[PDB]
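Novice: sequence unknown, structure follows:
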Ligand SMILES: CCCCCCCCCCCCCCCCCC(=O)OC[C@H](COP(=O)(O)OCCN)OC(=O)CCCCCCCCCCCCCCCCC
Ligand code: HEC
Ligand code: HEM
Ligand code: HEM
Ligand code: HEM
Ligand code: HEM
Ligand code: FES
């Protein structure tokens, strides 16, 4: 579409901007996939975590 | 040979049918598979032939390589119009080998030598 | 008969047939697709970084 | 030492339980069925005195005596300490002891398999785009057969 | 001469050392065992095969064809006892403990 | 000459890399079976880096080796990743090289003028086997000890020099600390020789160019290397990385024996001693003979035949596409080689003795038969001509 | 020509060895100061071989390292020869490279078109220093432990990021077993990188050929390498073997410090800490400046000046024979870099601080002045006619 | 010189951004 | 042509054997 | 290692003027049928001996085990 052409003209008339764009995309996508996998991991198996044992503080 | 011939042996006609099919589907003759880097006498046999025959050989080789890269085969009509096994190189090769032997017998040095790799 | 390879040199026609057995072409007149190419390739350069 | 260990058990050495799940074939299930598997010997076989019978041992006769028995321990959560519950808890503990890195491993694995599949898709597109020019080229050669 | 010197020095540097050769002979003690059974023992670096055979084992082992064995010998020379059979425990085939 | 500079890529500084990587001409119909050489190069690099970082936490002594490996896995940040990459990358490296070898066998790449390449490849294979076997010992488990014992005491079957060379190899009277430290040093040294042999192998290939799925002259239609085969190599590398990481992260112990998590104990023997999965064909061929001298000297024909394939000089067609009978023989040889692999991991009794003695016969009839097609087919143009 | 084989030397299988060792044209008036590169290659091969055989008996742990070395040197058949060859071949290797550098600095071999060779040489020198210093530790004596502590804690003179760097380099909070294991692995790895750098060095030399004691165009009169310079190199190697054997057999402990025969002890300290004999000029330069940051930031200008010698567009004459003042300055610098080494071993006190502060001034003033003769010698052809 | 100066400015900016990210690595920035 | 070559081969074998008995000096053989 | 005089003529088109992906999945069933019909013999010859030997070993082992019983 025209959005692809707009993005092309905005970002790629130089090269250092391209390098910065790649680095930023990497260090955003990393965080996004981390959040997604952590959330799915939490959802899959509820009740088994370390903060879910009912007797965690009764050996004083 | 008593059993290599297709005339008398039924396990050679099948062999030639298979080879002819596989050669036609790429459009090249059985003598096209001999390599000048392999034997070093095919180089002389090809060096002595007329120019047009060698040019047709090069064109056929390039056609087959393009076909293989594209992952396809010649159409059915250009498959019917094909003649593998129509030699152009056997007699010259036999003659070159005969001279090689006759020169070896009476002393004499070789005319060309393979290079150490 | 004239060679097939020489009849195509002295006949600069402009009606050209490519080999569509693998890749189809866009109809003549349509724009290029360079921007979409950069779009697709950045998504892998991110991963490699 | 090991000498005292063999002395106190009749010449049989009780092994180390750190890696006991990874060390034999099919660890988890082997340990569980071994614990819960002491049984009455079949007809026609006899065991020398000082040994016990267990079909889950290669040889048919083992040295250790049965320990897991109903009420052998008293939990702090109110769970009926049956032999099976105790065995399950023991095997879970031993599996954690052998492989303490399992969860971190699985998280990294999921993330990077997903990401690398995406990169494979991109590389395939890149390949096709580059080879398009040769793979649709047309040539005329002037030869029939 | 110099090349021979260097080659020999480097190749003999890899042979067994004085520490290992110092511990290469001794005598230690065993314990009792039932007739026809065995409890393996330990030495410098090699176990000890043991067997004090019963009557039927004596019958079966001492009554095999002599020529069919690739090293023809009878156990009477190999055994030092009418019932016992102590042989150094290293496999002469491949060095394992069979 | 070009009395003023044009490109950095044609200057003397980058002439070698340019000529042998970027502008080098290759056939344009190479398929995906030509990527495994580069893929094996990357596997070797992975092995070297991972090993240089494991050897910062491992102590070569009989009292400490097992506990130092477990210290790495339990107490160093990410150390489990290093150990799993190393112990599974050895297997990946062997897999890739086996596929490379069978590619070479199919399209008949050993023939003229490329027999120097084949001979250097065989030497590289020997170095690989020695390196892997020497390096399976340092963890000092049960299989490490007993595999070292069996294989290195198989060298006393030789006549009179036997016991002497075995005792000199072991550094003493049995497999103990001296052998461990010796093998560690050899393991750290051999892969650099492997690197040198690989570079020589590549130079020997580049002095004549590569073959192609057709086996014909290929000097009329060639394309450069970059960017046309770089992208194909890229596809291969990414698929390989997915496979490797499936091994590392979700099944890191399927390709090993459980007995190496028991510290070495010289008195008790395991009931079933085998080496890794990529030595089982040789191991089966070796135990197939009821004689020590014959068993040891039956490996020598394997390497002699593999090293003497290139020097038969009658066959004229290279690719197996136009050779039906040799193609069928190739597939049957592959099946037989897999059968040897499976047999090499079984107890030695019926019915495995016959099935362990016949496949060696087939594995040698392969290297005996092939010249006969050479001769019988050299005269094929004269019979089928039209 | 090429229609059948004439020589097996001119075949592809041995074409490049022929071209770069047998037939390679060299100027015919080269003197003996061109043998030390080959001699250094010999020394490096000796180090690699004796190392690969020494590391077959050594155990890198803080409980068993000193004992491993003593067991090697006291109990293995001929192991004393291996250990002494290693520990003295390091000294021989450093001596050969110092003579090599000074030869190249006399006949001005750094200048165009041979500055890529100079740069690769400087990189090689860094690799040599790193490898020797890392490998003086594994025997784990007093000097090993305290030298490692001092030198690797000099790396904290850097601003804020420095402490993290030091903690990462030590593997913990002090010098301990992790440092020993890490240092052993690095020591086994580095020499192969050193070999590769040497090969690149040699190819970059061969792409133009070598200089000559006259510093002039020398392409009209040249000869082959074999057999004319191979015999000269043989004479050099034999004299070298005599020198090496004298050190190995009749005085093997003269080139070290006695304190490395005391097992490591973190509580006591030796009263005199020094590094191995061939690190002393750098030590004196680093202790000359009374400031940690200045200490670390003095050695970087040293290597910067060394690596930026060849880029001063300068005088048109190379050989210092036709240059009286550059000759005198060369001898002054050579005397100074010996005085610096001798000072780099004495106690830190008067008078040694002044005589350790001025020699570095001179050692930098050498690189400072040298462009000025080039600029002022542009005009000799227009004056002395 | 101006296009070259601003090209160098952009390259220095890329390098400085990467170095700053090296110094502090905030997960949720 | 054969005699000179075979004699030279035998003498080279003698030289190889002498070298082997130089490197190793066994009086038990 | 040299080249040959050729005399050919070729036409080409730019990368950015033609559809790229749709070629993979165009007519899969006929390609699958062609591959199977062409390489059935190779598949047979590769997978025959394995099946035969496996069945033979299984049969022998079960027969022996069941004959050793009481
Ligand atoms: C495990 C114990 C192993 C011990 C050794 C066992 C060796 C068994 C080998 C048996 C195979 C036979 C080998 C015969 C070699 C020579 C045969 C030959 O044909 O050479 C001739 C040929 C050129 O001669 P041609 O032109 O054909 O004759 C002219 C006639 N007018 O020559 C050529 O074509 C040149 C081909 C050169 C390529 C081969 C070079 C040797 C192989 C390279 C591997 C060695 C590399 C090792 C690297 C590390 C070294 C330690
Ligand atoms: C009476 C002391 C003793 C008790 C307490 C004990 N064991 Fe054992 N255990 C032994 C002995 C003795 C052996 C060695 C058995 C042999 O070699 O025949 C052994 C062996 C084992 C083995 C190895 C079996 C194999 O196949 O090699 C496992 C697993 C095991 N025990 C699990 C347990 C578990 C789980 C518990 C806690 C419920 C436990 N043991 C408690 C004495 C004991
Ligand atoms: C570390 C091990 C190896 C490496 C790095 C390696 C690498 C390579 C590379 C990069 C190529 C050229 C690129 C290609 O054709 O894919 C090649 C070609 C070749 N290799 Fe290897 N290889 C190795 C092992 C082997 C082995 C063990 C053999 C045979 C036993 C072998 C036989 C061949 C052959 C025959 C070719 C010819 C290629 C052709 O026909 O075009 N290689 N190798
Ligand atoms: C410089 C190169 C290398 C170094 C320094 C190195 C180092 C090591 C070390 C320290 C170990 C013991 C640690 C452990 O076992 O967990 C080891 C094990 C091993 N190495 Fe290497 N290695 C190198 C290259 C290679 C190569 C090239 C291969 C195979 C081609 C290889 C194969 C193995 C194998 C199979 C093991 C067994 C580990 C196991 O099974 O647990 N290594 N290596
Ligand atoms: C392991 C260390 C070294 C080795 C093996 C080595 C080897 C060589 C060799 C073999 C030559 C040619 C032979 C000759 O001209 O004598 C050479 C030349 C040269 N080297 Fe090195 N070198 C080493 C260290 C260095 C260092 C550290 C430098 C400088 C800091 C250096 C600078 C030079 C120069 C300038 C030449 C030019 C030769 C000429 O002027 O003709 N080298 N080197
Ligand atoms: C593959 C290459 C090498 C290996 C395997 C190796 C191995 C070893 C080992 C095991 C030690 C400790 C034993 C002992 O200290 O006596 C050692 C010490 C040492 N190495 Fe190496 N080394 C290698 C290369 C080098 C090189 C190239 C140098 C260059 C200077 C070097 C310098 C030293 C020094 C100075 C010592 C200590 C001297 C002493 O013990 O007094 N090493 N090396
Ligand atoms: S030691 Fe008995 S078969 Fe190996």
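Specialist: Yep, that arrived. Numbers count the residues shown, from 1 in each chain, chains lettered A, B, ... in the order given. Ligands and ions are numbered 1, 2, ... in the order given.

Novice: ok, the residue of chain B found nearest chain A - contacts?
Specialist: Chain A sits closest to residue B:70 of chain B, with a gap of 30.6 Å, by CB to the nearest CB. For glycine as for every other residue, the C-beta is placed from the backbone atoms N, C-alpha and C. Contacts for residue B:70 (CB atoms under 8 Å, 6 or more residues apart in numbering or on different chains) come out as C:19, C:21-22, D:135.

Novice: ok, it to chain I distance?
Specialist: Residue B:70 sits 57 Å away from chain I, going by CB to the nearest CB, to the nearest Å.

Novice: ok, residue B:86 next?
Specialist: 46 Å.

Novice: related to what we said a few turns ago, now the two most distant members of the contacts of residue B:70.
Specialist: C:21 and D:135 (9.1 Å; CB to CB).

Novice: higher neighbour count, those two?
Specialist: Using other CB atoms under 10 Å in any protein chain shown, the more surrounded residue of residue C:21 and residue D:135 is residue D:135, with 17 against 13.

Novice: and the biggest helix by length in chain A, does that touch chain D?
Specialist: Secondary structure of chain A per DSSP state H: the longest helix is helix A:16-44. Yes: with CB under 8 Å from any CB of the partner chain as the criterion, chain D is reached by helix A:16-44 at A:33-34, A:37-38, A:41.

Novice: how about the nearest residue to residue 34, chain neighbours excluded?
Specialist: All of this is about chain A. Nearest residue to residue A:34 in three dimensions, chain neighbours excluded: residue D:111, at 7.1 Å (CB to CB, 6 or more residues apart in numbering or on different chains).

Novice: please go with chain F instead
Specialist: Leaving aside its sequence neighbours, residue F:34 sits nearest to residue F:210 (CB to CB, 6+ apart; 7.1 Å).

Novice: sorry, back to before: what's around the residue nearest to residue A:34, how many residues?
Specialist: Neighbour tally, residue D:111, other CB under 10 Å: 17.

Novice: got it, and residue B:17?
Specialist: Residue B:17 has 12 neighbours, counted by other CB under 10 Å.

Novice: the residue nearest to residue A:34: which element?
Specialist: In this assignment (DSSP states H and E), residue D:111 forms part of helix D:102-135.

Novice: now for that helix, which elements pack on it?
Specialist: helix A:16-44, helix B:51-70, helix C:34-48, helix F:230-250 (3 or more CB pairs under 8 Å, 6 or more residues apart in numbering or on different chains; DSSP states H and E).

Novice: now the longest helix of chain A: buried residues?
Specialist: Neighbour counts over helix A:16-44 (16 or more other CB atoms under 10 Å in any protein chain shown) mark A:16, A:18-21, A:23, A:25, A:27, A:29, A:33, A:37 as buried.

Novice: which one of the residues you listed sits closest to chain H?
Specialist: Using CB to the nearest CB, residue A:16 is the member of those that lies nearest chain H, at 4.0 Å.

Novice: which residue, other than its chain neighbours, is closest to the closest one?
Specialist: Excluding the flanking residues, the one nearest residue A:16 by CB to CB, 6+ apart is residue H:10, at 4.0 Å.

Novice: show me what contacts the one you found?
Specialist: A:14, A:16-17.

Novice: let me know the closest of these to ligand 4.
Specialist: Here the nearest of the contacts of residue H:10 to ligand 4, counting by CB to the nearest ligand atom, is residue A:16; it sits at 38.1 Å.

Novice: and that closest one, what does it touch?
Specialist: So residue A:16 contacts H:7, H:10-11, H:13-14 (CB under 8 Å, 6+ apart).

Novice: mind redoing it with 10 Å?
Specialist: Residues near residue A:16 by CB atoms under 10 Å, 6 or more residues apart in numbering or on different chains: H:7-15, H:17.

Novice: among those, name the ones in helices.
Specialist: Mapping those onto helices (DSSP H) picks out H:7-15, H:17.

Novice: are any of those residues buried, and which?
Specialist: By 16+ other CB under 10 Å, those give H:10, H:14 as buried.

Novice: now, among the ones in helices among the contacts of residue A:16, which is nearest to chain E?
Specialist: Checking these against chain E with CB to the nearest CB, the nearest one is residue H:15 at 51.5 Å.

Novice: and the helices in chain B?
Specialist: Under DSSP H, chain B gives helices at B:10-24, B:36-39, B:42-47, B:51-70, B:76-80, B:90-105.

Novice: closest residue of chain B to ligand 2?
Specialist: Of all residues in chain B, the one sitting closest to ligand 2 is residue B:71 (57.2 Å; CB to the nearest ligand atom).

Novice: please read the previous query as pertaining to the stretch 151-300 of chain F.
Specialist: Counting by CB to the nearest ligand atom, the stretch 151-300 of chain F gets nearest ligand 2 through residue F:262, at 9.9 Å.

Novice: excluding chain neighbours, what is closest to that residue?
Specialist: In space, residue F:262 comes closest to residue F:142 once its chain neighbours are excluded; the distance is 4.8 Å by CB to CB, 6+ apart.

Novice: how much space separates that neighbour from chain G?
Specialist: Noted for residue F:142: a distance of 23 Å to chain G, by CB to the nearest CB.

Novice: which non-adjacent residue is nearest whatever residue of chain E ends up closest to chain D?
Specialist: Closest to chain D within chain E is residue E:39: 8.2 Å, counting by CB to the nearest CB. With sequence-adjacent residues excluded and distances taken as CB to CB, 6+ apart, residue E:39 is closest to residue E:33, at 5.2 Å.
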